[PDB]
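Coordinate inspection notes
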Amino acid sequence: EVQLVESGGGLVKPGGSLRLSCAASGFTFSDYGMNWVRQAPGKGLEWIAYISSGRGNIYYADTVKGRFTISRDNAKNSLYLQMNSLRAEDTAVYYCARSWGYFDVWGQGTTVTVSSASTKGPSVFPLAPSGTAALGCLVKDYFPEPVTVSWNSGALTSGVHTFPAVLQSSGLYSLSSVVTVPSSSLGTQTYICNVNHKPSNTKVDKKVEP
Amino acid sequence: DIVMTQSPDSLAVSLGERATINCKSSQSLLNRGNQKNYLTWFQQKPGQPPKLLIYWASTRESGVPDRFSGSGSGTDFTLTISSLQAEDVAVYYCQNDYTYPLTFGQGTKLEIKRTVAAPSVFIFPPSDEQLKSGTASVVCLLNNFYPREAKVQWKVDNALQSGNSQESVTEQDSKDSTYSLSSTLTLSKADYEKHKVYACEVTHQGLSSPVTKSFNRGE
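Rules of the game
- Residues numbered from 1 in each chain as written, not as in the entry; some residues may be left out.
- Chains lettered and ligands numbered in written order.
- Heavy atoms only, no water.
- Helix = DSSP H or I, 4+ residues; strand = E, 2+ residues; numbered from the N terminus.
- Rg over C-alpha atoms; globule rule 2.2 N^0.38 Å.
- Areas by Shrake-Rupley, 256 points an atom, 1.4 Å probe, with all protein chains shown as cover.
- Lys, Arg positive; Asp, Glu negative; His and termini not counted.
- Charge placed at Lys NZ, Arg CZ, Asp CG, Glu CD.
- Disulfide = S-S within 2.5 Å.
- Buried < 20%, exposed > 50% of the residue type's maximum accessible area, 1.4 Å probe, protein only.
- Salt bridge = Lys/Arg side-chain N within 4 Å of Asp/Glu carboxyl O.
- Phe/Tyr/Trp six-rings, centres within 6.5 Å; stacked < 30°, edge-to-face > 60°.
- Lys NZ or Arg CZ within 6 Å of the ring centre and 35° of its normal.
- Contact = heavy atoms within 4.5 Å.
- Buried area = accessible area lost by both parts, 1.4 Å probe.
- Nonpolar A, V, L, I, M, F, W, Y, C, P; charged D, E, K, R; others polar.
- Pairing = 2+ DSSP bridges.
- Domains from an automatic or database assignment.

The deposited coordinates, according to the entry record, derive from X-ray crystallography at 1.740 Å resolution.

Under the PDB entry, the name given to chain B is FAB Light chain, and the source organism is Homo sapiens. This deposition appears in the PDB under the title "Crystal Structure of ABBV-323 FAB".

Going by the annotation in the PDB entry, the name recorded for chain A is FAB Heavy Chain, with Homo sapiens given as the source organism.

See the structure below:
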């Protein structure tokens, strides 16, 4: 089976550097042109770098030329992106993509955040319920993105709404996750939101009681 | 650059009906040496890489249902999605594959058009745990409404609030094609404890007049 897997993304300060990697399997890597394509939060796709198979022709988007360099190691079925002189506008999910006149294989992406702000884990607060009731968890003041939220370790999915994170004026993110339930379920069920903030290695389970 | 321009920027189409997304290039995409128009269409859902739908302007990728169809030539291209299904809600992109730099259209958001549905509204006071730390977040939840347009206003002791709230909206629900929305009012703890009535006022096409949910601090 054909697979592409990016790694190396993380938080880095403006002016800093970072190397991304992409490992490939399930096809003859050396026979294909390979690419990096990125997507800033809430924006469209932007192709940024290419390296061909035989001649290794190299093309860059002007936005990264002179700062980013693409390379490949066919013995390791690997593609690299060396990113120097990073700017806030380089914040994005970075995808590895195979091409044959069009991008036909994509990785899941690796996320790069360029900011001077420090990593901070969230505080988790209950949204307590008052024939429909609502309850939830407020996940406040974290950096950088992302946080993930599940309910009852993934067993509760129906009626859940986990909202997109919002950037506060403080430069920290916040989001809420809610669920609607029949009001009679409040006495027969336990509600626990499981919050994970990997950039800070924070894991919290908060029980939500009326 | 070859500049790629999609039309419309967003589109709402009823289940089972036909969706049409247009893409115009600022220059020809026709390869004179193999006669292919190097125009490519992608579908992208949140949290996922884009999925290849059509390449060479009209060739369907393997596994793509035949209800997806690409057409056009020169500088004018069209993606058609017949018999729209809920799984087709996504952002669609066209892309120049002809010459570098490879350029994308700005994307077109396709949603399901369904009947009007008024929200259920809920209000949450801040937790005692949060209050202790110096901050008060008041949350107003709008549940399972359509269309997305809604006005949510905060009133504190009956005075309209400005500048101290932020909203977030979910993607269309897979089962009923509705949206949900949260509005969060943020005050300091000292400020929060100076007021009594906290109200969220919701205006929406599904509601005959605005709906208010409120609580009295300490009650």
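More follows now that the structure is in view.
**Side note on the overall build of chain A**
When helices and strands are counted, chain A shows zero helices and 19 strands. Computed over its C-alpha atoms, the radius of gyration of chain A comes to 21 Å, more than 25% above the 17 Å expected for a compact globule of 210 residues. With respect to the principal axes defined by its C-alpha atoms, chain A has extents near 70 × 40 × 25 Å. Carbon and sulfur atoms make up 47% of the accessible area of chain A, which amounts to about 9600 Å² in all. Charge centroids of chain A, computed over 17 positive and 13 negative side chains, lie 5 Å from each other.

**Brief notes about the state of the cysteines**
According to the stated counting rule, one finds four disulfides over all chains in the structure shown. At a sulfur-sulfur separation of 2.0 Å, the disulfide partner of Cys22(A) is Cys96(A). Of note, the bridge from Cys22(A) to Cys96(A) carries an S-S torsion of about -75 degrees and is left-handed in sense. Note that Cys22(A) is positioned in strand β3 (residues 18-25) and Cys96(A) in strand β9 (residues 92-99), a separation of 74 residues in sequence. The exposure class assigned to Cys22(A) is buried, which follows from its relative accessible area of 0%. Classification of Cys96(A) as buried rests on a relative accessible area of 0%. Covalently, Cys140(B) is tied to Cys200(B) through a disulfide, its sulfur atoms 2.0 Å apart. Between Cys140(B) and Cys200(B) the sulfur-sulfur dihedral comes to about -70 degrees; the bridge is accordingly left-handed. Highlighted residues: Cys140(B) in strand β13 (residues 135-145) and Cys200(B) in strand β18 (residues 197-203), separated in sequence by 60 residues.

**Focus: the pattern of salt bridges**
For the coordinates displayed, the defined rule picks out 13 salt bridges over all chains. Close ionic contact of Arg38(A) with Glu46(A) constitutes a salt bridge, the shortest N to O distance being 2.8 Å. Under the relative-accessibility criterion, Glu46(A) is labelled partly exposed at 26%. The salt bridge involving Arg67(B) is made with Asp88(B); its shortest N-O contact spans 2.7 Å. Residue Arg67(B) is located in the loop between β6 (59-60) and β7 (68-73), and its partner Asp88(B) is located in the loop between β8 (76-81) and β9 (90-96); the two are separated by 21 residues in the primary sequence. Using a relative accessible area of 14% as the deciding quantity, one classes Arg67(B) as buried.

**So, the packing of aromatic side chains**
This model, assessed by the stated rule, comprises 20 aromatic pairs over all chains. Both rings, one in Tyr93(B) and one in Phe104(B), keep their centres 6.3 Å apart while their planes meet at 80 degrees; by these two values the pair is edge-to-face. Of this pair, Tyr93(B) sits in strand β9 while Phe104(B) sits in strand β10 (residues 103-104), and the two are 11 residues apart along the sequence. Both residues of the pair, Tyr93(B) and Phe104(B), belong to the buried class. Chaining the aromatic ring pairs together yields one cluster made of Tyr95(A), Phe103(A), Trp106(A), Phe42(B), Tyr93(B) and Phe104(B). The ring of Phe29(A) has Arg72(A) sitting right over it, with the charged end atom 4.6 Å from the ring centre. The ring of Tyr32(A) has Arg98(A) sitting right over it, with the charged end atom 4.0 Å from the ring centre.

**What to know about the interface of chain B and chain A**
On the chain A side, the residues contacting the 41 residues of chain B number 40 residues. With both chains or domains summed, chain B and chain A bury close to 3200 Å², and 67% of this area falls on carbon and sulfur atoms. Of all residues in chain B, the largest losses of buried area upon contact with chain A belong to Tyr100(B), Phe104(B) and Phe124(B), amounting jointly to 17% of the total for that side. Sorting the residues of the side of chain B that touches chain A by element identifies β4 (39-44), β5 (51-55), β9, β12 (120-124), α1 (128-132), β13, β16 (165-169) and β17 (179-188) of chain B as the ones contributing at least two each. The element that contributes the greatest number of residues to the side of chain B that touches chain A is β13(B), accounting for six residues. Of the residues assigned to the side of chain B that touches chain A, the class counts are 18 nonpolar, 18 polar and five charged.

**Digging into the pairing of strand β10 (residues 103-106) of chain A**
Residue and element names in this part refer to chain A. Note that β9 and β10 share three bridges and pair antiparallel. Bridge pairing in β10 places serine 99 opposite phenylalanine 103. Counting the residues that bridge the hairpin from β9 to β10 gives three residues, and of these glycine 101 lies at a positive phi of roughly 85 degrees.

**Here's the deal with the domain arrangement of chain A**
Residue and element names in this part refer to chain A. Looking at chain A, the domain boundaries give domain 1 (1-116) and domain 2 (117-210). Relative to domain 2, the C-alpha centre of domain 1 lies at a distance of 33 Å. On the domain 2 side, the residues contacting the four residues of domain 1 number five residues. When the two sides are added together, the surface that domain 1 and domain 2 hide from each other amounts to roughly 380 Å², 57% of it contributed by carbon and sulfur. Ranking the residues of domain 1 by area buried against domain 2 places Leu11, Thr113 and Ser116 at the top, with a combined share of 76%.

**Quick look at the domain arrangement of chain B**
One frequent convention defines the size of an interface as the accessible area lost when the parts assemble. Residue and element names in this part refer to chain B. The domain boundaries assigned to chain B delineate domain 1 (1-113) and domain 2 (114-219). Between domain 1 and domain 2, the C-alpha centre-to-centre distance is 37 Å. Listed as interface residues are eight residues of domain 1 and, on the opposing side, seven residues of domain 2. For the domain 1 and domain 2 pair, buried surface summed over both sides reaches about 610 Å², with 41% attributable to carbon and sulfur atoms. When the buried area of domain 1 at its contact with domain 2 is split by residue, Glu111, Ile112 and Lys113 rank highest and sum to 59% of it. A salt bridge links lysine 109 to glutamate 171; the shortest N-O distance between them is 3.7 Å. For the side of domain 1 that touches domain 2, the element with the highest residue contribution is strand β11 (residues 108-113), accounting for four residues. Classifying every residue of the side of domain 1 that touches domain 2 by side-chain character gives five nonpolar, no polar and three charged.

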